[PDB]
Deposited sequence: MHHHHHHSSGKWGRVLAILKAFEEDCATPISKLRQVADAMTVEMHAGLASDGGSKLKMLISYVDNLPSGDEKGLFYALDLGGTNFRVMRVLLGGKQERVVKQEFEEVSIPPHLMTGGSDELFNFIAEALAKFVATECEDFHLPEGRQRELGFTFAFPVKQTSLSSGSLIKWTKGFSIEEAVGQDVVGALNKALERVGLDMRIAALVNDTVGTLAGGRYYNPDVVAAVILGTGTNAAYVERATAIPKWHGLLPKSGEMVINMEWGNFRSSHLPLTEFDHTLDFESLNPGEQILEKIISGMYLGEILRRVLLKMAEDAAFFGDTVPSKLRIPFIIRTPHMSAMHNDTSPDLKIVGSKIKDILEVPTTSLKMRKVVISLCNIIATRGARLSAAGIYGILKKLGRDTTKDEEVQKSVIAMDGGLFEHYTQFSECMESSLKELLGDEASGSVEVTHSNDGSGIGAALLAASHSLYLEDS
């Protein structure tokens, strides 16, 4: 290593996000927010209206179910809410990994999967979760994909992201689909709310902190939601909210700008993806893609600089063979001779023996990729704050694996938001962590009292 350094040098330079560039990115973001709000097709930012005009206050009460469909995991939960003082009295939930074949199969089978798991969960209901009366179960549905919302409890799928590809479902109503799946298992359920995962995170965060104004998800995918003034949404007039507010789902994963520090590797990832040209910003930020970027750099060094000897390892040529959790562990390796980077490369790529020089390169690459994504996340948040005129206490409710379980990532993001804000503003913005959100929104729309 060995001209491996030349590629390393270039990639580091092409990925650079000095503050000037973050300011340019934030400014481009704020511009797209205005464009996206002014016209349905005016921006890469769809700026979807959620039909949430009232956020949780804390006085919600009753029994509520919630469904949560993400990119890789599905969740079923129920909660007892006891008002202002009691809040969440009791909570139960089960999590199921989604069988990969369901991601690209048919619509019915995806929704059967959801309905059948929910039915099994419902059957375990007992004690304090016993359905009172004389009543019907009420459900909140978190659905982590772009939706053209028609009401709080309805909307059609716009497109898939995160490796999903069920074309049958594009344009079809998500709640109607679930409703038909619920009919097939003979489960009676009132869907009171359908929300994007950013929206639920925002509702859940605002429930615990009145000053929450936005939510950002940095997990398998990436996205953000925020509370916008109704008058600042010229494209939409299908309701006159008394609050004067409306929560927006930005779908910022799809953001693109010439100021984005893209490399040949991000280009090849994109061109070979399931959704080429879409989710450009998501593909350099989210946990789905970070490892895959790493994989493409290492493959480049393997075939042109003999990083792994004369023969390129066969497992390096397989897409998504390197996951982001592999990256973060290697990134955390503070040890001489870098034990962890060594055992991760061996375990995952089936390469015996790596010099110190090779694992120093790998840990450097990990840092370059994680830092870019984190700093770009900060520029995103700063873009939202400028839209809000907030560039006075603002809280950003965060969720997702990258922010919760990747120390380097979440710390770099907070540092760079701080630098972006500056002495004046920084000291009035707080980034904090904690589904329940969708249930809280169902709770405001319950046909029952307590």
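Residues of the deposited sequence lacking C-alpha coordinates, counted from 1, fall in the stretches 1 to 11, 403 to 409, 453 to 456, 473 to 474.
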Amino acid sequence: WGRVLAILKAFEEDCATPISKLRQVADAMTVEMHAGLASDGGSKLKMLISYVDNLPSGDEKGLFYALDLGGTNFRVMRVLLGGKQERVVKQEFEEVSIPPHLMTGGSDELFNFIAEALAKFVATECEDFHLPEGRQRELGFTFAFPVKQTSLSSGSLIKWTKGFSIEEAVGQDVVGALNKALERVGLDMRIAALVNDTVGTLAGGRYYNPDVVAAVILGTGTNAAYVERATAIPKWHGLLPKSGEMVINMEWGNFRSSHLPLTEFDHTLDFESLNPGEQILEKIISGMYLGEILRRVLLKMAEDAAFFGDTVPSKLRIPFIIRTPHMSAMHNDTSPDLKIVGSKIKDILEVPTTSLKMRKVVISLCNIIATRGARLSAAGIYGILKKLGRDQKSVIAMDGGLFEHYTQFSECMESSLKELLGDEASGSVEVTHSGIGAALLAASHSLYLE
From here on, numbers count along this sequence of modelled residues.
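Higher average CA B factor: 297 to 305, of the stretches 297 to 305 and 188 to 196. Comparing the deposited coordinates for 420 to 428 and 63 to 71, the stretch with the larger average C-alpha B-factor is 420 to 428.
Note on the listed residues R375, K162, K90, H259: the highest Cα temperature factor in the record is that of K90. When the Cα B-factors of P276, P313, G253, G291 are read from the PDB record, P313 comes out highest. For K386, the recorded CA B-factor ranks within the middle third of the chain. Only modelled residues enter the ranking. In the deposited entry, the Cα temperature factor of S434 places it in the highest third of its chain's modelled residues.
In the PDB entry, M246 places in the lowest third of its chain by CA B-factor. Sorting the modelled residues of the chain by their CA temperature factor places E32 in the lowest third. When the modelled residues of the chain are ordered by C-alpha B-factor, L139 sits in the lowest third.
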